[PDB]
Amino acid sequence: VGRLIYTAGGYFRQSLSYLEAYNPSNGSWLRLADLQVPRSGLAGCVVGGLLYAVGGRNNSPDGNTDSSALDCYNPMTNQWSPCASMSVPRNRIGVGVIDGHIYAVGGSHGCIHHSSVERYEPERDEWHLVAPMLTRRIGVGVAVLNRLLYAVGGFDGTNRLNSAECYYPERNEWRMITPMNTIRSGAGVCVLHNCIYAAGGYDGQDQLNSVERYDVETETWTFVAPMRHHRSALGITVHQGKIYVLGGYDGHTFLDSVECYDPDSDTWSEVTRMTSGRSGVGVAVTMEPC
Ligand SMILES: O=C(O)C[C@H](c1ccc2c(c1)OCCO2)c1ccc2ccc(OCC(=O)NC3CCCCC3)cc2c1
């Protein structure tokens, strides 16, 4: 009990510093401490009850600065603190957590599209590089299932991708997996039960409402019910057995919609609206602030 969906940063006209938290139990939103630096294209994750904001870019009227930053938010204090920075700036990053370590995957730095991957150790406040992916990927979806790390889709600098790959930590090795049925950059990627889900994104032509899921045992991708809204650069998380998608861009509007997927019924429902439309947010779940 007492867990909230946190949304950090984002983009609307410029990169945003907002930290807002939604309570699925009562529908309430709270505005919390702003990020020290506005960022879009970042990822959020939680280790040990602390919320981490990783990477991104500060788009402002006075510049565009890709971020190598790792910042941690403590809900007990409602304060952000800087952590050790990554080896490189990574905009449109993907992040996953394995056994208390944060993996930062891909992303861009100017015209560079990274294949590099690095791993954060909160106990030592240190980053170290690990094996790079087989493909350069920005706007990559990342999720962790059964202590394996998946990198899904993205953009390699020339083509948007339907390919995906899996990292095996004990061998420090990446292997390709079955590609998705759809090309997707800027999808929301998460894990629910035994599947990796890829929701929305941009196929090079249109923003997508389709959603597909990879069963790690059968190695197949299967479509599920589509979202109500086409969305790229959406936020995504899982909470109490349901997927939540937040915001994004539908080709016309920066969305304030939040939709919830129920796997038992294979349906999406609109559950709330953010306080303003935005894309490129980082999202994660942790305890409510004190
Ligand atoms: O395919 C690609 O080139 C990369 C891809 C991408 C680029 C251009 C697009 C697009 C998708 O769809 C709409 C058409 O223009 C991508 C993917 C993930 C992102 C994640 C965060 C993020 O943060 C900052 C952010 O929201 N900016 C938005 C500006 C207004 C709409 C697009 C993103 C950006 C991401 C961008």
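As presented, residues are numbered from 1 along each chain according to the written sequence, a scheme that may differ from that of the entry, and residues lacking coordinates are left out. Hydrogens and waters are ignored; side-chain quantities use all the structure's heavy atoms.

Method of structure determination, per the deposited record: X-ray crystallography was used for this entry, reaching 1.61 Å resolution.

1. Considerations on the overall build of the chain
Formally: Secondary structure follows DSSP: runs of H or I at least 4 residues long count as helices, runs of E at least 2 residues long count as strands, and numbering of each begins at the N terminus. Restricting the calculation to C-alpha atoms gives the radius of gyration, and the globule rule supplies 2.2 Å times the number of residues raised to the power 0.38. Using a 1.4 Å probe on the protein chains alone, a residue whose accessible area is under 20% of its type maximum counts as buried, one over 50% counts as exposed, and one in between counts as partly exposed. Contact criterion: two residues are considered in contact whenever any of their non-hydrogen atoms come within 4.5 Å of each other.
Helices and strands together make up the secondary structure of the chain, namely zero helices and 30 strands. Taken over the C-alpha trace, the chain has a radius of gyration of 17 Å; the compact-globule value for 290 residues is 19 Å, and the two agree within 12%. Viewed in the frame of its principal axes, the chain has a C-alpha envelope of about 45 × 40 × 40 Å. Buried residues in the chain amount to 56% of all 290 residues. Here the contacts in the chain between residues at least 6 apart in sequence split such that 49% fall between residues at least 24 apart.

2. Describing the side chain of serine 17
Short version of the rule: Pairs of N or O atoms are called polar contacts if they sit within 3.5 Å, as long as, within protein, a hydrogen donor faces a hydrogen acceptor (for residues adjacent in sequence, only side-chain-to-side-chain pairs).
Residue position: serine 17 is located in the loop between β3 (14-15) and β4 (19-23). A relative accessible area of 15% places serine 17 in the buried class. Separated by 3.2 Å, the side chains of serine 17 and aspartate 34 make a polar contact. Setting aside residues no more than four positions away along its own chain, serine 17 makes contact with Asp34, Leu35 and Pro38.

3. Topic: the packing of aromatic side chains
Working definition: an aromatic ring pair is given by the centre-to-centre distance plus the angle between the planes. To keep things clear, this is the line we draw: For this analysis, a ring pair means two rings from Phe, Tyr or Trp (six-membered ring only for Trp) whose centres lie within 6.5 Å, classed as stacked if their planes differ by under 30 degrees, edge-to-face if by over 60, and tilted for the remaining angles. A ring has a charge above it when a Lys NZ or an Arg CZ is no more than 6 Å from the ring centre and no more than 35 degrees off the ring normal.
Applying the stated rule across the entire model yields 14 aromatic pairs. Relative to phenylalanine 254, the ring of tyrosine 249 has its centre 4.8 Å away and its plane inclined at 50°; by these criteria the two rings are tilted. Residue classification places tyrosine 249 among the partly exposed positions, given a relative accessible area of 26%. Seen from the ring of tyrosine 168, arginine 175 lies directly overhead, with NZ or CZ sitting 5.1 Å from the centre.

4. Describing the site of the ligand
Applied cut-off: By convention in this text, a residue qualifies as near a molecule or strand provided that one of its non-hydrogen atoms is within 4 Å of it. Calculation of accessible area relied on Shrake-Rupley with a 1.4 Å probe; when residues are assessed, cover is drawn exclusively from the protein chains displayed. When residues are grouped by polarity, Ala, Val, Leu, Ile, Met, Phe, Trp, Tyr, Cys and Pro land in nonpolar, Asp, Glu, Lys and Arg in charged, and all others, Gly among them, in polar.
With respect to spatial proximity, 16 residues lie near the ligand, and among them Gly41, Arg92, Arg160, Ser185 and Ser279 are the closest. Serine 279 is positioned with one of its side-chain polar atoms (N or O) 2.9 Å from an oxygen atom of the ligand. Burial of the ligand by the protein amounts to 79% of the accessible area it has alone, namely 650 Å². Its residues assigned to classes, the shell around the ligand comprises five nonpolar, nine polar and two charged.

5. Notes on unusual backbone geometry
Even without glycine at this site, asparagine 78 takes up a positive phi of about 55°. By secondary structure assignment, the location of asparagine 78 is in the loop between β10 (70-74) and β11 (79-82). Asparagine 78 sits in the partly exposed class, given a relative accessible area of 31%. Even without being a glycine, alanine 233 presents a positive backbone phi close to 55°. Tracing the backbone shows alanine 233 in the loop between β25 (220-223) and β26 (235-239).

6. Topic: the sheet that holds β26
Paired through their backbone hydrogen bonds, the strands of a sheet run either parallel or antiparallel. Selection criterion: Should DSSP find at least two bridges between two strands, the strands are taken to pair. Simply put, an axis is a line fit to the C-alpha atoms, just over the touching stretch for a helix, and the angle between two N-to-C directions goes from 0 to 180 degrees.
The four strands lie next to each other as β26-β27-β28-β29, forming an open sheet whose pairing is antiparallel. Of all strands in the sheet, those with a lone pairing partner are β26 and β29 (267-273), marking the two edges. Between one strand axis and the next, the sheet turns through 25° on average, direction left out of account. In terms of strand pairing, strand β27 (residues 242-246) meets strand β28 (residues 257-262) through four bridges, oriented antiparallel. Directly across from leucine 246, in β28, lies its bridge partner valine 258.

7. So, the nonpolar core
Quick reminder of the rule: What makes a nonpolar core is a set of buried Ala, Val, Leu, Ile, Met, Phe, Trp, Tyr and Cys residues whose side-chain atoms join them at distances within 4.5 Å.
Of all hydrophobic cores here, the largest spans 16 residues; its most connected members are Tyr150, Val152, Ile177, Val189, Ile196, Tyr214 and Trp221. Going through the elements one at a time, β18 (141-145), β19 (148-152), β20 (164-168) and β23 (195-199) are the ones with two or more residues in this core. For this core, the leading source of residues is β19, giving three residues. In contact with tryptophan 221, other than residues within four places in its own chain, are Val152, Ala164, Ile177, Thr178, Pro179, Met180, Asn181, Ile196, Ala198, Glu212, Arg213 and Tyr214.

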